[PDB]
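Residue numbers (PDB author numbering), protein chains in the order written: chain F, 1 to 237; chain E, 1 to 237. Just so it is clear, CB atoms sit at the ideal spot from N, CA and C, and this is done for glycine as well.
There are 2 protein chains.
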Amino acid sequence: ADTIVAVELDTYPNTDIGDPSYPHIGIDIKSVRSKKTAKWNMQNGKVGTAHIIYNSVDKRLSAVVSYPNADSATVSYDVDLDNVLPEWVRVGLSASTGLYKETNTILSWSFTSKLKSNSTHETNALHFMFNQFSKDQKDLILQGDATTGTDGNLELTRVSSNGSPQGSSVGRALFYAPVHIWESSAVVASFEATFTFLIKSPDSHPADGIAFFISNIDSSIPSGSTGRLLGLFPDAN
Amino acid sequence: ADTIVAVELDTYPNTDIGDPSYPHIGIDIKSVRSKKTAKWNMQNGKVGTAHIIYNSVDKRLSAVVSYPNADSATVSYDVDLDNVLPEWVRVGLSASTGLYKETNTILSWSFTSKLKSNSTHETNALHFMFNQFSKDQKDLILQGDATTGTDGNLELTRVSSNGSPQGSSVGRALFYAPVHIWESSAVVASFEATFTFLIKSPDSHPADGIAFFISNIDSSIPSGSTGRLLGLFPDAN
Ligand SMILES: [Ca+2]
Ligand SMILES: [Ca+2]
Ligand SMILES: [Zn+2]
Ligand SMILES: [Zn+2]
């Protein structure tokens, strides 16, 4: 398989393979069996605010989710990013669904790497601010059945049936450029993300969530993920 | 031919094809026949400080170069980036020489676009700070005969024969990711650069200059450019 670490904002409680009995936020080191979990409200179509950092002076890998007028879920996990994730990566988004429908609209996304040339000697960035996912955005290598455009939206489903987004839809949003990580020059590359989603209520028990992965520079949709495999896992372990 | 706009930090006076009598800074719209030139010092092996902006609030493609203990050579040309430079681009550096030698050591490089979702609404970036050109940098699709690494350097020559870098060699340094420009979402993307270089005196009348282009998303070394074509124009017109 391909080595990949994601932040599952899972919206079906996958009762048989490791997730809790509630729709949560998790974090995944190569395994859909997660490393932390945290309770999530699951509001209807409301916007977004999720935020993921990792320094290596404090080596916790963090994430929060708060709708505006809602609380935050600090689902931070301590893991050693030294030996778990390859030197040059390809960041981006992954959502899926299967037999249940939900909206996986992303409207904005950002990033900032800062990797330790000689720690003070002017580290390297890849910062962006994608508030405007257009029709013909071409630094995205969006796999699967992802769409974009028509508005400022990134639609990681098969959409526009009145926003009832055609279940067993999987879509990935691999960003174009690579970033140095593994450790080697050490690994304080304090990568940030802003993950402003929209999960509309389709009045249909909405369930499978969007992830935010960091993968190897090569990828595909692994062995089918039309459902609980969450777009990036080949296997349910 | 490839639609291209360069900014020349020329060291060779090309009287025949149209450069003035001294080593100059200039600016190019689809031709080596520049629009404006200015006085540039051309010292020996010293370092670096160049700077290129374009604010469409002011439509000046301004450019200065300073050695420390030197002046600032403004070569700003009125150009409307509306109709001259493609809807998605591929930025990068370009150095070349032919029949004369020069060292074209680049030691750091940067960028910052800021492009107008809805003018205030959180312009998109692509900021990087390459102070750490590695041996195996892979967000560069460096063309020609450019090299990198072994130290923090981006050697746009064939070099290391005591760094007297083996005349008639060309190498460009195309960055990986594109930028939306042409106008379409209007063109206030104030793209900045910082271009810390080092032109060693080879004891051989140092000549052919380094550039800074914003080309099409495809390019090459055009039709052979071992010399006056400055790495990027197919023809001298
Ligand atoms: Ca699920
Ligand atoms: Ca020339
Ligand atoms: Zn889960
Ligand atoms: Zn010139």
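Secondary structure of residue i, DSSP reduced to three states
{"i": "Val91 (chain E)", "result": "strand"}
{"i": "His121 (chain F)", "result": "coil"}
{"i": "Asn237 (chain E)", "result": "coil"}
{"i": "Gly149 (chain F)", "result": "coil"}
{"i": "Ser62 (chain F)", "result": "strand"}
{"i": "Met129 (chain E)", "result": "strand"}
{"i": "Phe195 (chain E)", "result": "coil"}
{"i": "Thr37 (chain F)", "result": "strand"}
{"i": "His205 (chain E)", "result": "coil"}
{"i": "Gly144 (chain F)", "result": "strand"}
{"i": "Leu115 (chain E)", "result": "strand"}
{"i": "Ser215 (chain F)", "result": "strand"}
{"i": "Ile181 (chain E)", "result": "coil"}
{"i": "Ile210 (chain F)", "result": "strand"}
Among the options, the one whose alpha carbon lies nearest that of residue i
{"i": "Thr123 (chain F)", "options": "F:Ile181, F:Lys36, F:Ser223 and F:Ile106", "result": "F:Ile181"}
{"i": "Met42 (chain E)", "options": "E:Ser215, E:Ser31 and E:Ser201", "result": "E:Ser201"}
{"i": "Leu154 (chain E)", "options": "E:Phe195, E:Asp19 and E:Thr49", "result": "E:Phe195"}
{"i": "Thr120 (chain F)", "options": "F:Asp208, F:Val188, F:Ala207 and F:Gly209", "result": "F:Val188"}
{"i": "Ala125 (chain E)", "options": "E:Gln132, E:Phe133 and E:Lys116", "result": "E:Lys116"}
{"i": "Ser190 (chain E)", "options": "E:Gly45, E:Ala70, E:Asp2 and E:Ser56", "result": "E:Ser56"}
{"i": "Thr148 (chain F)", "options": "F:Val64, F:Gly167 and F:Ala173", "result": "F:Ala173"}
{"i": "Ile141 (chain E)", "options": "E:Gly152, E:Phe111 and E:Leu93", "result": "E:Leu93"}
{"i": "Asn131 (chain F)", "options": "E:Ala177, E:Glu87, E:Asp136 and E:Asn118", "result": "E:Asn118"}
{"i": "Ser169 (chain F)", "options": "F:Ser184, F:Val32 and F:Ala146", "result": "F:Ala146"}
{"i": "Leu85 (chain E)", "options": "E:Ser108, E:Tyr54, E:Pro165 and E:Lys36", "result": "E:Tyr54"}
{"i": "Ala193 (chain E)", "options": "E:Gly209, E:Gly231 and E:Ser110", "result": "E:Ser110"}
{"i": "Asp139 (chain E)", "options": "F:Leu156, F:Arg158, F:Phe133 and F:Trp88", "result": "F:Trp88"}
{"i": "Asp82 (chain F)", "options": "F:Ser225, F:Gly209, F:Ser204 and F:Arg60", "result": "F:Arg60"}
{"i": "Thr157 (chain F)", "options": "F:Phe233, F:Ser96, F:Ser62 and F:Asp58", "result": "F:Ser96"}
{"i": "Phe133 (chain F)", "options": "F:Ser184, F:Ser113 and F:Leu107", "result": "F:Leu107"}
{"i": "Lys114 (chain F)", "options": "E:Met129, E:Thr150 and E:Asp208", "result": "E:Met129"}
{"i": "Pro206 (chain F)", "options": "F:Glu8, F:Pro23 and F:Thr15", "result": "F:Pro23"}
{"i": "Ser164 (chain E)", "options": "E:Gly231, E:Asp71, E:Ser204 and E:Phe197", "result": "E:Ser204"}
{"i": "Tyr176 (chain E)", "options": "E:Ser225, E:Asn216 and E:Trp40", "result": "E:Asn216"}
{"i": "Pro178 (chain E)", "options": "E:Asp71, E:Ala70, E:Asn14 and E:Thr112", "result": "E:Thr112"}
{"i": "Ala38 (chain E)", "options": "E:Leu232, E:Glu8, E:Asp58 and E:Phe197", "result": "E:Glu8"}
{"i": "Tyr77 (chain E)", "options": "E:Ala70, E:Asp58 and E:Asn69", "result": "E:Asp58"}
{"i": "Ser62 (chain F)", "options": "F:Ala186, F:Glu183 and F:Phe212", "result": "F:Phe212"}
{"i": "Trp40 (chain F)", "options": "F:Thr150, F:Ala186, F:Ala70 and F:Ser184", "result": "F:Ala70"}
{"i": "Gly152 (chain F)", "options": "E:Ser185, E:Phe197 and E:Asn14", "result": "E:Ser185"}
Proximity below 9 Å, CB of residue i to CB of residue j
{"i": "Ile25 (chain F)", "j": "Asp10 (chain F)", "result": "yes"}
{"i": "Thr103 (chain E)", "j": "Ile4 (chain E)", "result": "no"}
{"i": "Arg90 (chain E)", "j": "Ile214 (chain E)", "result": "yes"}
{"i": "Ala73 (chain E)", "j": "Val64 (chain E)", "result": "yes"}
{"i": "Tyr67 (chain F)", "j": "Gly167 (chain F)", "result": "no"}
{"i": "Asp235 (chain E)", "j": "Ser223 (chain E)", "result": "yes"}
{"i": "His51 (chain F)", "j": "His127 (chain E)", "result": "no"}
{"i": "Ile27 (chain E)", "j": "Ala1 (chain E)", "result": "no"}
{"i": "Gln137 (chain E)", "j": "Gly171 (chain E)", "result": "no"}
{"i": "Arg228 (chain F)", "j": "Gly45 (chain F)", "result": "no"}
{"i": "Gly18 (chain F)", "j": "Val32 (chain F)", "result": "yes"}
{"i": "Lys135 (chain F)", "j": "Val75 (chain F)", "result": "no"}
{"i": "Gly209 (chain F)", "j": "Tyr12 (chain F)", "result": "yes"}
{"i": "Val159 (chain F)", "j": "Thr105 (chain F)", "result": "yes"}
Residues bridged to residue i (per DSSP)
{"i": "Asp78 (chain F)", "result": "F:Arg60"}
{"i": "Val170 (chain E)", "result": "E:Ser96"}
{"i": "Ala50 (chain F)", "result": "F:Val65"}
{"i": "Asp28 (chain F)", "result": "F:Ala6"}
{"i": "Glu155 (chain F)", "result": "F:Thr105 and F:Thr147"}
{"i": "residue 265 (chain E)", "result": "The shown model of chain E, from 1 to 237, leaves out residue 265 (chain E), and the question about it has no answer."}
{"i": "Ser110 (chain F)", "result": "F:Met129 and F:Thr194"}
Please output, in chain order, the residues near ligand 2 using a CB cut-off of less than 6 Å to any non-hydrogen atom of the ligand.
E:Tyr12, E:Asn14, E:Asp208, E:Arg228 and E:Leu230
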